[PDB]
Amino acid sequence: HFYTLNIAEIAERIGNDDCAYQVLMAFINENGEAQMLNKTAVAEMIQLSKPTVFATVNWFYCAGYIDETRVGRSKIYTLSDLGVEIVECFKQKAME
Amino acid sequence: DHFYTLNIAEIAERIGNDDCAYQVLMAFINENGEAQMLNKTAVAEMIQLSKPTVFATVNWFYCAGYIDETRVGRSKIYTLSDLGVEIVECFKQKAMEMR
């Protein structure tokens, strides 16, 4: 069961969500490369209510934006191929 | 442009494991199994969960692309996007094959 979707419009929507945009963008180091993060570290990068930032990371998971990997004791998140593609819109939208 | 292919199965199970998400999704399917439309308030009312909680989900469901929003009179009303209908028609099937 696949579904093939115009990413550009979701990327628009997220891009209109103050809180969502920042949580996606965290996963991008200054070198323009994606990076792994746990929920705590993200919570720190962004000045916003730790609750809301945890809640945002959670749905991002759901939605399929960020992959989760079990590391020893804690859970660590990276962007999905989808997360990367959404960032790739933003990358190009800032460009032009 | 920017097209991308989701696995709907993978998104479904993820949603299936969130009590609030599942219910918010399913609220757009009526008694007769047809898809319907609601505003934020009507969703909140069907779900037996913190109105705040329901509102955050309806928000992010919108971001995710599961629902679209249509202006009417003096009321932003929500309806499943095609994606949202994908996600349901997937739950519907897992339940279908079950019985």
# chains A, B, ... in the order shown; residues from 1 in each chain; ligands from 1
>>> residues_around(residues="range 22-26 of chain A", least_positions_apart="3", cutoff="9 Å", atoms="only C-alpha atoms", output="ChimeraX atom specification")
/A:14,17-19,29,34-35,37,42-43,45-46,53,56-57,60,65-66,79,83,86-87
>>> write_last_selection(atoms="N, CA, C and O atoms", output="PDB file, in the first residue's frame")
ATOM      1  N   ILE A  14       3.810  22.952   6.936  1.00  0.00           N
ATOM      2  CA  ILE A  14       4.784  22.956   8.009  1.00  0.00           C
ATOM      3  C   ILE A  14       5.498  24.297   8.072  1.00  0.00           C
ATOM      4  O   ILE A  14       5.719  24.851   9.151  1.00  0.00           O
ATOM      5  N   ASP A  17       3.919  26.803  10.096  1.00  0.00           N
ATOM      6  CA  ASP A  17       3.806  26.455  11.497  1.00  0.00           C
ATOM      7  C   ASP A  17       5.123  26.801  12.145  1.00  0.00           C
ATOM      8  O   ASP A  17       6.126  26.114  11.967  1.00  0.00           O
ATOM      9  N   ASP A  18       5.101  27.915  12.862  1.00  0.00           N
ATOM     10  CA  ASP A  18       6.226  28.429  13.615  1.00  0.00           C
ATOM     11  C   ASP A  18       6.977  27.309  14.349  1.00  0.00           C
ATOM     12  O   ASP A  18       8.159  27.054  14.109  1.00  0.00           O
ATOM     13  N   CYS A  19       6.263  26.634  15.235  1.00  0.00           N
ATOM     14  CA  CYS A  19       6.835  25.597  16.066  1.00  0.00           C
ATOM     15  C   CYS A  19       7.363  24.397  15.275  1.00  0.00           C
ATOM     16  O   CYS A  19       8.459  23.932  15.551  1.00  0.00           O
ATOM     17  N   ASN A  29      22.508  20.328  10.817  1.00  0.00           N
ATOM     18  CA  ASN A  29      23.703  21.042  11.281  1.00  0.00           C
ATOM     19  C   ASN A  29      24.059  22.226  10.366  1.00  0.00           C
ATOM     20  O   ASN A  29      23.535  22.344   9.250  1.00  0.00           O
ATOM     21  N   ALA A  34      22.174  16.656   7.560  1.00  0.00           N
ATOM     22  CA  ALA A  34      21.268  16.146   8.598  1.00  0.00           C
ATOM     23  C   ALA A  34      22.039  15.575   9.789  1.00  0.00           C
ATOM     24  O   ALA A  34      23.202  15.175   9.661  1.00  0.00           O
ATOM     25  N   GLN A  35      21.392  15.536  10.948  1.00  0.00           N
ATOM     26  CA  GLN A  35      22.022  14.965  12.131  1.00  0.00           C
ATOM     27  C   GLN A  35      21.041  14.271  13.069  1.00  0.00           C
ATOM     28  O   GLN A  35      19.851  14.599  13.108  1.00  0.00           O
ATOM     29  N   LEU A  37      19.456  13.298  16.742  1.00  0.00           N
ATOM     30  CA  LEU A  37      19.117  14.022  17.968  1.00  0.00           C
ATOM     31  C   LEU A  37      18.197  13.168  18.843  1.00  0.00           C
ATOM     32  O   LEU A  37      17.384  12.394  18.335  1.00  0.00           O
ATOM     33  N   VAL A  42      16.980  18.303  21.053  1.00  0.00           N
ATOM     34  CA  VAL A  42      16.107  19.130  20.232  1.00  0.00           C
ATOM     35  C   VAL A  42      15.488  20.189  21.128  1.00  0.00           C
ATOM     36  O   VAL A  42      15.556  21.384  20.827  1.00  0.00           O
ATOM     37  N   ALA A  43      14.920  19.738  22.248  1.00  0.00           N
ATOM     38  CA  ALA A  43      14.221  20.612  23.180  1.00  0.00           C
ATOM     39  C   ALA A  43      15.085  21.807  23.556  1.00  0.00           C
ATOM     40  O   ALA A  43      14.573  22.889  23.845  1.00  0.00           O
ATOM     41  N   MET A  45      17.928  23.061  21.558  1.00  0.00           N
ATOM     42  CA  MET A  45      18.181  23.881  20.369  1.00  0.00           C
ATOM     43  C   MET A  45      17.192  25.014  20.104  1.00  0.00           C
ATOM     44  O   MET A  45      17.557  26.048  19.538  1.00  0.00           O
ATOM     45  N   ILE A  46      15.939  24.794  20.487  1.00  0.00           N
ATOM     46  CA  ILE A  46      14.826  25.681  20.165  1.00  0.00           C
ATOM     47  C   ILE A  46      14.339  26.269  21.469  1.00  0.00           C
ATOM     48  O   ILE A  46      14.074  25.535  22.421  1.00  0.00           O
ATOM     49  N   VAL A  53       7.650  21.012  22.228  1.00  0.00           N
ATOM     50  CA  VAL A  53       8.741  20.443  21.417  1.00  0.00           C
ATOM     51  C   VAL A  53       8.772  18.897  21.461  1.00  0.00           C
ATOM     52  O   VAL A  53       9.066  18.249  20.455  1.00  0.00           O
ATOM     53  N   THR A  56       5.854  17.774  19.346  1.00  0.00           N
ATOM     54  CA  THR A  56       6.131  17.966  17.930  1.00  0.00           C
ATOM     55  C   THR A  56       7.030  16.859  17.388  1.00  0.00           C
ATOM     56  O   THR A  56       6.734  16.271  16.345  1.00  0.00           O
ATOM     57  N   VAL A  57       8.109  16.564  18.107  1.00  0.00           N
ATOM     58  CA  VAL A  57       8.926  15.393  17.802  1.00  0.00           C
ATOM     59  C   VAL A  57       8.048  14.144  17.698  1.00  0.00           C
ATOM     60  O   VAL A  57       8.220  13.370  16.769  1.00  0.00           O
ATOM     61  N   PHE A  60       5.961  14.169  14.409  1.00  0.00           N
ATOM     62  CA  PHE A  60       6.965  14.030  13.356  1.00  0.00           C
ATOM     63  C   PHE A  60       7.307  12.565  13.135  1.00  0.00           C
ATOM     64  O   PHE A  60       7.476  12.120  11.995  1.00  0.00           O
ATOM     65  N   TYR A  65       8.394  11.577   9.479  1.00  0.00           N
ATOM     66  CA  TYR A  65       9.386  12.586   9.177  1.00  0.00           C
ATOM     67  C   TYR A  65      10.739  12.225   9.746  1.00  0.00           C
ATOM     68  O   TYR A  65      11.774  12.502   9.147  1.00  0.00           O
ATOM     69  N   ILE A  66      10.722  11.590  10.907  1.00  0.00           N
ATOM     70  CA  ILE A  66      11.949  11.241  11.599  1.00  0.00           C
ATOM     71  C   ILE A  66      11.962   9.765  11.980  1.00  0.00           C
ATOM     72  O   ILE A  66      11.023   9.276  12.616  1.00  0.00           O
ATOM     73  N   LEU A  79      16.317  12.218  10.416  1.00  0.00           N
ATOM     74  CA  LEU A  79      15.309  12.461   9.389  1.00  0.00           C
ATOM     75  C   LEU A  79      15.118  11.222   8.515  1.00  0.00           C
ATOM     76  O   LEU A  79      16.078  10.505   8.219  1.00  0.00           O
ATOM     77  N   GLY A  83      11.709  13.290   5.611  1.00  0.00           N
ATOM     78  CA  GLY A  83      12.215  14.452   6.340  1.00  0.00           C
ATOM     79  C   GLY A  83      13.233  15.236   5.532  1.00  0.00           C
ATOM     80  O   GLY A  83      13.146  16.449   5.423  1.00  0.00           O
ATOM     81  N   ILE A  86      11.546  17.147   2.591  1.00  0.00           N
ATOM     82  CA  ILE A  86      10.886  18.347   3.100  1.00  0.00           C
ATOM     83  C   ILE A  86      11.907  19.470   3.335  1.00  0.00           C
ATOM     84  O   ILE A  86      11.670  20.623   2.956  1.00  0.00           O
ATOM     85  N   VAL A  87      13.040  19.129   3.952  1.00  0.00           N
ATOM     86  CA  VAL A  87      14.142  20.074   4.145  1.00  0.00           C
ATOM     87  C   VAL A  87      14.631  20.577   2.779  1.00  0.00           C
ATOM     88  O   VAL A  87      14.917  21.765   2.608  1.00  0.00           O
TER      89      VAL A  87
END
>>> interface_residues(of="chain A", to="chain B", cutoff="7 Å", atoms="only C-alpha atoms", output="number ranges by chain")
A: 1-8, 10, 13-14, 62-64
>>> write_last_selection(atoms="C-alpha atoms", output="CSV table (one decimal), in the first residue's frame")
chain,number,residue,atom,x,y,z
A,1,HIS,CA,0.0,0.0,0.0
A,2,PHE,CA,1.9,3.0,-1.4
A,3,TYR,CA,0.6,6.5,-2.0
A,4,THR,CA,2.5,9.0,-4.1
A,5,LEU,CA,2.2,12.6,-2.9
A,6,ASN,CA,3.1,16.2,-3.8
A,7,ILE,CA,5.5,16.9,-0.9
A,8,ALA,CA,5.6,20.6,-1.9
A,10,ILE,CA,2.9,19.8,3.1
A,13,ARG,CA,2.0,23.8,5.6
A,14,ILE,CA,4.8,23.0,8.0
A,62,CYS,CA,4.0,9.3,13.4
A,63,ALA,CA,3.9,11.4,10.2
A,64,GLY,CA,7.1,9.6,9.1
>>> residues_around(residues="residue 29 in chain B", least_positions_apart="2", cutoff="12 Å", atoms="only C-alpha atoms", output="ChimeraX atom specification")
/B:22-27,31-38,43,46,79-80,84-85,87-89,91-92
>>> write_last_selection(atoms="N, CA and C atoms", output="compact mmCIF listing (two decimals), in the first residue's frame")
# COMPACT_ATOMS: atom_id res chain seq x y z
N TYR B 22 -5.45 8.19 16.06
CA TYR B 22 -6.41 7.24 15.53
C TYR B 22 -7.84 7.73 15.58
N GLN B 23 -8.27 8.19 16.76
CA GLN B 23 -9.64 8.63 16.98
C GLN B 23 -9.98 9.88 16.17
N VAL B 24 -9.03 10.82 16.16
CA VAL B 24 -9.16 12.04 15.38
C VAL B 24 -9.29 11.69 13.91
N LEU B 25 -8.43 10.81 13.43
CA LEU B 25 -8.58 10.34 12.07
C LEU B 25 -9.98 9.77 11.89
N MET B 26 -10.31 8.71 12.63
CA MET B 26 -11.55 7.97 12.38
C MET B 26 -12.83 8.81 12.51
N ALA B 27 -12.77 9.89 13.29
CA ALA B 27 -13.92 10.80 13.44
C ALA B 27 -14.47 11.34 12.11
N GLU B 31 -21.20 6.91 10.33
CA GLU B 31 -21.79 5.61 10.66
C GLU B 31 -21.82 4.69 9.43
N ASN B 32 -22.22 5.26 8.30
CA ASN B 32 -22.32 4.54 7.03
C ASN B 32 -20.99 4.30 6.34
N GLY B 33 -19.88 4.62 7.00
CA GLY B 33 -18.55 4.41 6.41
C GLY B 33 -18.08 5.46 5.41
N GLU B 34 -18.99 6.36 5.02
CA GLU B 34 -18.66 7.50 4.15
C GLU B 34 -17.88 8.56 4.92
N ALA B 35 -16.99 9.24 4.20
CA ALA B 35 -16.20 10.33 4.76
C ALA B 35 -17.04 11.60 4.86
N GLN B 36 -16.90 12.30 5.98
CA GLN B 36 -17.65 13.51 6.22
C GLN B 36 -16.74 14.66 6.62
N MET B 37 -17.36 15.75 7.07
CA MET B 37 -16.63 16.96 7.38
C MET B 37 -17.03 17.51 8.73
N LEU B 38 -16.06 18.12 9.42
CA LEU B 38 -16.26 18.62 10.77
C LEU B 38 -15.36 19.82 10.97
N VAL B 43 -15.00 17.61 16.13
CA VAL B 43 -14.04 16.54 16.37
C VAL B 43 -13.86 16.38 17.88
N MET B 46 -16.58 14.47 19.61
CA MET B 46 -16.71 13.03 19.41
C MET B 46 -15.65 12.26 20.19
N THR B 79 -11.86 18.32 6.25
CA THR B 79 -12.24 17.12 5.50
C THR B 79 -10.98 16.31 5.20
N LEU B 80 -11.10 15.00 5.07
CA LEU B 80 -9.94 14.20 4.70
C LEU B 80 -9.40 14.65 3.37
N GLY B 84 -5.51 11.21 3.62
CA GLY B 84 -6.22 10.84 4.84
C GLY B 84 -7.11 9.66 4.57
N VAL B 85 -7.78 9.70 3.43
CA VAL B 85 -8.62 8.61 2.95
C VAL B 85 -7.78 7.35 2.69
N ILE B 87 -5.13 6.55 4.45
CA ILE B 87 -4.84 6.04 5.78
C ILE B 87 -6.03 5.28 6.37
N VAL B 88 -7.24 5.80 6.18
CA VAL B 88 -8.44 5.11 6.64
C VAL B 88 -8.58 3.82 5.87
N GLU B 89 -8.62 3.91 4.53
CA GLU B 89 -8.89 2.75 3.68
C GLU B 89 -7.87 1.65 3.93
N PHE B 91 -6.75 1.16 7.44
CA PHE B 91 -7.25 0.66 8.71
C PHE B 91 -8.45 -0.21 8.46
N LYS B 92 -9.33 0.30 7.59
CA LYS B 92 -10.53 -0.39 7.17
C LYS B 92 -10.17 -1.80 6.71
